[PDB]
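# Chains, contacts and geometry: an overview
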Amino acid sequence: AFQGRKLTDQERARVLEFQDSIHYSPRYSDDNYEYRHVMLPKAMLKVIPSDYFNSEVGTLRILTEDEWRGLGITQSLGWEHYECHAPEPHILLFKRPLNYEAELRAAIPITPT
């Protein structure tokens, strides 16, 4: 049940070619959040589909977790994409709470009575 605008098999192939060139900053923290930023190759920006930018700035819009994992951006559980200042568009900011427990929860089905 994809949240957000899933890429097509065609978009996805085009974006996933840049996956090995994405850079991930060290994490830093304040009183409530850990932060990190992800830096995309400028060339990847060219094949990121048009609806993923917001026409106003030139920056990426807020991405859902499914959306940005969709782009090849690979990091651990808990990270939220948030809107920054107006940096270069190829820098994406992420945060997650310090009080993060990172579980894996799956409902499992039984036969009804």
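Refer to the structure presented above.
Attention here is on the structure that accompanies the text.

Considering all chains together, one arrives at 8 salt bridges under this definition. Ionic pairing is found between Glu-11 and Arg-5, a salt bridge with its closest N-O pair at 2.6 Å. By relative accessible area, which is 25% here, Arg-5 ends up partly exposed. Its salt-bridge partner being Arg-61, residue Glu-67 comes within 2.8 Å of it at the nearest N-O pair. Salt bridges linked by common partners bring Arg-5, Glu-11 and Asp-51 together as one network.

What follows concerns the side chain of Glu-34. Along the chain, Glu-34 turns up in strand β3 (residues 33-39). According to the relative accessible area criterion, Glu-34 is buried, its value standing at 15%. A polar contact is formed between the side chain of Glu-34 and the side chain of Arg-27, at a distance of 2.9 Å. Residue contacts for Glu-34: discarding those within four places in its chain leaves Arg-27, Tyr-28, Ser-29, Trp-79, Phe-94, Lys-95, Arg-96 and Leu-98.

Quick look at the nonpolar core now. Among soluble globular proteins, nonpolar side chains are generally buried collectively. Judged by nonpolar contacts, the single largest core of 19 residues is most densely connected at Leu-40, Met-44, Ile-48, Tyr-52, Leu-71, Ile-73 and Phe-94. When near neighbours in sequence (up to four residues on either side) are disregarded, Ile-73 contacts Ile-22, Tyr-24, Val-38, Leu-40, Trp-68, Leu-92 and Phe-94.

The next subject is the environment of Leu-104. Mapped onto the fold, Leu-104 is located in the segment after β5 (91-97). What makes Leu-104 exposed here is its relative accessible area of 84%. With 11 residues separating them in the primary sequence, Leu-104 and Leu-93 have C-alpha atoms 24 Å apart.

Turning our eyes to something else, we now look at the packing of aromatic side chains. Throughout the structure, instances matching the rule amount to 4 aromatic pairs. Pairing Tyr-28 with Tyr-35 gives two aromatic rings, centres 5.5 Å apart and planes at 20°, and the pair type is stacked. For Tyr-28, a relative accessible area of 43% puts it in the partly exposed group. The ring of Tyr-52 is capped by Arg-61, whose NZ or CZ atom sits 5.0 Å from the centre of that ring.

On to the environment of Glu-83, then. Locating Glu-83 in the fold gives a position in the loop between β4 (80-82) and β5. Along the chain, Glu-83 and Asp-66 lie 17 residues apart, while their C-alpha atoms are 17 Å from each other. Ignoring anything within four residues of it in the chain, the contact list for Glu-83 reads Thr-59, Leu-60 and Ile-62.

With that out of the way, let us pick up a nonpolar patch on the surface. A contiguous nonpolar surface patch, about 340 Å² in accessible area, is contributed by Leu-77, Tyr-100 and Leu-104. Secondary-structure assignment places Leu-77 in the loop between α3 (65-70) and β4.

On to the environment of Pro-26, then. Relative to the assigned elements, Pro-26 resides in the loop between β1 (23-24) and β2 (28-29). Judged by its relative accessible area of 68%, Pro-26 falls in the exposed class. Through-space distance from the C-alpha of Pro-26 to that of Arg-36 is 6.1 Å; in sequence the pair is 10 residues apart. Aside from chain neighbours lying at most four places away, what touches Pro-26 is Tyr-35 and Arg-36.

The rules behind each value
Residues numbered from 1 in each chain as written, not as in the entry; some residues may be left out. Heavy atoms only, no water. Salt bridge = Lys/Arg side-chain N within 4 Å of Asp/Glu carboxyl O. Buried < 20%, exposed > 50% of the residue type's maximum accessible area, 1.4 Å probe, protein only. Helix = DSSP H or I, 4+ residues; strand = E, 2+ residues; numbered from the N terminus. Polar contact = N/O pair within 3.5 Å; in protein donor to acceptor, adjacent residues only side chain to side chain. Contact = heavy atoms within 4.5 Å. Core = buried A, V, L, I, M, F, W, Y, C linked by side-chain atoms within 4.5 Å. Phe/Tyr/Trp six-rings, centres within 6.5 Å; stacked < 30°, edge-to-face > 60°. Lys NZ or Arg CZ within 6 Å of the ring centre and 35° of its normal. Patch = residues over 30% accessible without salt bridge, like charges linked within 9 Å, V, L, I, M, F, W, Y side chains within 5 Å. Areas by Shrake-Rupley, 256 points an atom, 1.4 Å probe, with all protein chains shown as cover.

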